[PDB]
Amino acid sequence: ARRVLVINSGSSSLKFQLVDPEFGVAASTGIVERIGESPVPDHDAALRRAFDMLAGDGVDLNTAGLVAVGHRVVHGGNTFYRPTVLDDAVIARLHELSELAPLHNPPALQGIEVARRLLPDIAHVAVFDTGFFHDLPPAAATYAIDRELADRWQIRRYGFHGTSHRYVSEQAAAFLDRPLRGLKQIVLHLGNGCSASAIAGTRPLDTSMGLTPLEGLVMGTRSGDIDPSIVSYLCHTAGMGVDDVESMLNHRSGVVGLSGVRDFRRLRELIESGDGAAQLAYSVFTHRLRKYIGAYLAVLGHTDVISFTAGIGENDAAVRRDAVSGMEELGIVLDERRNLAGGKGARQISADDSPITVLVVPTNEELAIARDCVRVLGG
Amino acid sequence: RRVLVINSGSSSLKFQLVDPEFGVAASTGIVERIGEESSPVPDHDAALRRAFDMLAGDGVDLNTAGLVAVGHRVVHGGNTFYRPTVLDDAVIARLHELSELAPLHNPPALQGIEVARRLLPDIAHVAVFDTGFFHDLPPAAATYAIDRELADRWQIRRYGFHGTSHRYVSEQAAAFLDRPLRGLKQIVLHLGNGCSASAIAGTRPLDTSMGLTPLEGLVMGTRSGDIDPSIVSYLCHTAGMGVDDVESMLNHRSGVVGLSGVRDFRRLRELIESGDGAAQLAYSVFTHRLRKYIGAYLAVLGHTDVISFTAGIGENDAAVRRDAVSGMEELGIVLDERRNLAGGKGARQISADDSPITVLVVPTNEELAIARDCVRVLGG
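Residues numbered from 1 in each chain as written, not as in the entry; some residues may be left out. Chains lettered and ligands numbered in written order. Heavy atoms only, no water. Residues with missing side-chain atoms left out of burial classes, pairs and counts.

As stated in the entry header, the method of structure determination is X-ray crystallography and the reported resolution is 1.90 Å.

Draft legend 1. Quick look at the overall build of chain A. Across its full length, chain A holds 15 helices and twelve strands. On C-alpha atoms alone, chain A measures out to a radius of gyration of 21 Å, which is about the 21 Å that the 2.2 N^0.38 rule sets for 379 residues. Expressed along its principal axes, the backbone C-alpha trace of chain A runs to roughly 60 × 55 × 45 Å. (Helix = DSSP H or I, 4+ residues; strand = E, 2+ residues; numbered from the N terminus. Rg over C-alpha atoms; globule rule 2.2 N^0.38 Å.)

Draft legend 2. Focus on the pairing of strand β10 (residues 306–310) of chain B. Residue and element names in this part refer to chain B. The buried fraction of β10 is high, at five of five residues. Residues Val306, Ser308 and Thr310 point to one face of β10 and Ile307 and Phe309 to the other, with burial holding for every one of them. As defined by bridge partners, β10 adjoins strand β12 (residues 358–361) across four bridges and the pair is classed as parallel. Counted as the bridge partner of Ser308 is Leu360 from β12. (Buried < 20%, exposed > 50% of the residue type's maximum accessible area, 1.4 Å probe, protein only. Pairing = 2+ DSSP bridges.)

Draft legend 3. Fine view of the UniProt feature "binding site: Mg(2+)" in chain A. All names here are of chain A. Sites flagged by UniProt as "binding site: Mg(2+)" map to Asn8 and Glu365. Counting through the fold element by element, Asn8 comes out in strand β1 (residues 3–9). For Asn8, the contacting residues outside a window of four places in its chain are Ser13, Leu14, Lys15 and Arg72. By the element assignment, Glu365 lies in helix α15 (residues 365–376). Overall, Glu365 belongs to the buried group, its relative accessible area being 14%. When residues no more than four places from it in sequence are discounted, the contact partners of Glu365 are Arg72, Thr163, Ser164 and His189. (UniProt positions renumbered as here; feature names shortened; annotations may be inferred. Contact = heavy atoms within 4.5 Å.)

Draft legend 4. View of the interface of chain B and chain A. If you look at the interface, chain B gives 67 residues, while chain A gives 68 residues. Going through the elements one at a time, α4 (139–142), α5 (148–153), β9 (204–208), α7 (230–238), α8 (243–252), α9 (255–260) and α11 (277–301) of chain B are the ones with two or more residues in the side of chain B that touches chain A. Among the elements that make up the side of chain B that touches chain A, the one with the highest residue count is α11 of chain B (13 residues). Among the residues forming the side of chain B that touches chain A, the class breakdown is 36 nonpolar, 17 polar and 14 charged. (Nonpolar A, V, L, I, M, F, W, Y, C, P; charged D, E, K, R; others polar.)

Draft legend 5. The domain arrangement of chain B, seen in detail. Residue and element names in this part refer to chain B. Each assigned domain of chain B is listed with its residue range as follows: domain 1 (1–178) and domain 2 (179–380). Here domain 1 and domain 2 have C-alpha centroids that lie 22 Å from each other. Taken together, the contact between domain 1 and domain 2 spans 49 residues of the former and 52 residues of the latter. A per-residue breakdown of the area domain 1 buries against domain 2 is headed by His162, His166 and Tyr168, which together make up 14% of the total. Joining domain 1 to domain 2, the criterion identifies four salt bridges. Between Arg158 and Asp207 there is a salt bridge, with the nearest N and O atoms lying 3.7 Å from each other. Within the residue set of the side of domain 1 that touches domain 2, elements represented by two or more residues are β1 (2–8), β2 (13–19), β4 (67–74), β6 (124–129) and α6 (163–176). Of the residues forming the side of domain 1 that touches domain 2, the biggest block, eleven residues, is contributed by α6. Here the side of domain 1 that touches domain 2 is composed, by residue class, of 29 nonpolar, twelve polar and eight charged. (Domains from an automatic or database assignment. Buried area = accessible area lost by both parts, 1.4 Å probe. Salt bridge = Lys/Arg side-chain N within 4 Å of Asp/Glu carboxyl O.)

Draft legend 6. Representation of unusual backbone geometry in the model. Backbone geometry at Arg34 of chain A places phi at a positive 60°, although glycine is not the residue there. Tracing the backbone shows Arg34 of chain A in the loop between β3 (26–32) and α1 (43–56). One non-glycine residue, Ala311 of chain B, lies in positive phi territory at about 70°. Counting through the fold element by element, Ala311 of chain B comes out in helix α12 (residues 311–316). Classification of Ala311 of chain B by relative accessible area gives buried; the value is 6%.

Draft legend 7. Expanded view of the packing of aromatic side chains. Tallied over the full model, the rule gives eleven aromatic pairs over all chains. Ring geometry for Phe81 of chain B versus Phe129 of chain B: centroids 5.5 Å apart, planes at 15°, classification stacked. Of this pair, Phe81 of chain B sits in the loop between β4 and β5 (85–86) while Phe129 of chain B sits in strand β6; the two residues are 48 residues apart in sequence, bridging distant segments of the chain. We note that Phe81 of chain B, like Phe129 of chain B, is buried. An aromatic cluster is present here, built from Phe264, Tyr282 and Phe285 of chain A joined pairwise through their rings. Positioned above the aromatic ring of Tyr283 of chain B is the side chain of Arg269 of chain B, whose terminal nitrogen or guanidinium carbon lies 4.4 Å from the ring centre. (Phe/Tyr/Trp six-rings, centres within 6.5 Å; stacked < 30°, edge-to-face > 60°. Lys NZ or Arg CZ within 6 Å of the ring centre and 35° of its normal.)

Draft legend 8. Representation of the nonpolar core in the model. Core analysis: the biggest nonpolar cluster contains 158 residues, and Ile293 of chain A together with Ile294 of chain B have the highest contact counts within it. Excluding anything up to four places from it in sequence, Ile293 of chain A contacts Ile186, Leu188, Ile306, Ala323, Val324, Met327 and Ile332 of chain A. Counting 26 residues, the second-largest nonpolar core is a separate cluster that includes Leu181, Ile200, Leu368 and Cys374 of chain B. (Core = buried A, V, L, I, M, F, W, Y, C linked by side-chain atoms within 4.5 Å.)

Draft legend 9. Layout of the environment of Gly332 of chain B. Residue and element names in this part refer to chain B. Mapped onto the secondary structure, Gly332 falls in the loop between α13 (318–325) and α14 (337–340). Its relative accessible area of 9% is what places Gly332 among the buried residues. Along the backbone, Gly332 and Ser248 are 84 residues apart, and their C-alpha atoms lie at a distance of 39 Å. Apart from residues lying up to four places away in sequence, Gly332 is in contact with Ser355, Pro356 and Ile357.

Draft legend 10. Broad picture of the UniProt feature "active site" in chain B. Residue and element names in this part refer to chain B. The UniProt record annotates "active site" at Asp130. Note on placement: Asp130 falls in the loop between β6 and α4. Residue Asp130 is classed as buried on the basis of its relative accessible area of 13%. When near neighbours in sequence (up to four residues on either side) are disregarded, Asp130 contacts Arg73, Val74, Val75, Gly160, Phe161, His162, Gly163 and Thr164.

Structural data, given as structure tokens:
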């Protein structure tokens, strides 16, 4: 049995999972929190802690059939989109993408540096959350701005949750027992970040996040779509600095900005109790999601299936109901008994006669990344 | 009997002398190059007096023309002004405080107001606000998902624009269909120098593509439309640009011109047919964005009765319309090639007879709409 250690190294936390890519078992998963704040002063201590956690649950990486370490990198820009076997020269070049993701890319590079030191005798592979969307059609990838400026600074719609969108698209095809290449679908990844994609066969045609993960759907703390004039308006009238505005949009916006609620699951009870702010937050969220579904129906022209995924998409029946209600004339008919029934694994929530199928399809990014690592290393 | 409708900008003043009851323009024209070195029109006072002479020249002496009002176009009414408003000095004072919402367009409109009230004191002057139609957008559409206390303090919301055109076309679409407006759900696509879409349920708009300002939404002649707001921080950080330079780039050096260097669509067509790659890309980006708004608004409405194209491009460019709604048969839209290519310029059906959703071209007439708003608010 072979395993891949999949790592997500953040500024204050490091998430890991030791995954069997063949039969999909996680031997062990974990998170190291409060890095550099703490008993975990740096990422070196953090990875060592992860080793101790693995050991404590019975795993010896020396005996676990470890064949690769998979490193999650948020932003690969235009240059890194396939799973990439790491060496010193590639890692140097990865440093150049940091202006596209100044919060998230640097600590990933810290995780690579530490892991390559402590685990020098196995391959390390980077997987980029932008990668799936590298070959978006030019019509969807290109913003309508000054072309010379765009080219010089590599400005385009990059898109994120790429691993999840691709994985779920493949799993929806498997659920329907139809070749993926013949299917047109929409995937709704509704989690801490929220993004939508429109996918034809193996090729995405559009996706809701953009240059950065801020664009598109309303999210836990991110605004999604807003007039970019918000920045100059707030700078002029409120006297705010550009970085302050950007921080507000990324961290004090979305559901928390509108309602103060940090846990999406609390919204329902607050609404039921008559909290107007919670109702407004949920309505704004739902309205934006409805628009992206409609928009992507138009992009695709024909849509075979719509799938909900991630922490909210997989679990919140009200979200799913309110996202597609009143769209029977667009070919979407939900079966509320199925929508309400719960369950693990992929399942149909549309009525049997719905022209467009609607599914819940659980995502498993770590499994997908483990498989990517095995594939790029020889299979 | 007649209303002088004006649009007073920094460099030009557009006017039209309108007969609202016969739906006719008695006279139309423009004063250009306001304030220029060689120009005999140094300011807005001079500009308006020129317009008077022109009107005299085409048989209309303002003394015998039956002028009963002047309609003044104001881009932004904020949350304060959203119905046609009879102007006085108190109203004008309140209006000045809104200029941070439209710093380039509102001030020259207020200059036109001052001059016109002074030169034509015996007629009423009425302001019509391009944001007004959308004042009562539902909260889910009006509210951006940002810090609520901050949004309330600085009156940040989706305002929407081209309100006069969206409303008027929605009314004319209902008239074309011999159906009451209240019972209709529709999409209006205003494609001109600026481009915006709306979703309307009866007399109430449910959503519209422009936002806090006219930048948001569709790709336009020189405006980007939708883009990740991180573009500002990113360009300020990497390229060293100031915020105001980025905003200027997004408003003046973006859209079709940003992507192709072209100002038209007429020009775009021939560049495309001769094999120009930048022209094709620009048009593909425009078309993709417009298709998404159509789909988005179909979902907002749930049921849609009619989609209407309007303004300079929507009224005249059969390719734009074909590219915007082809391949949407499964969403209920079936375009008819022959009808779409028809040479006529009145309100007309371009969908196939059996299309579940009707598709129209409905010419806009913002000046007529405003002339009628003036008469109405004055009791006429």
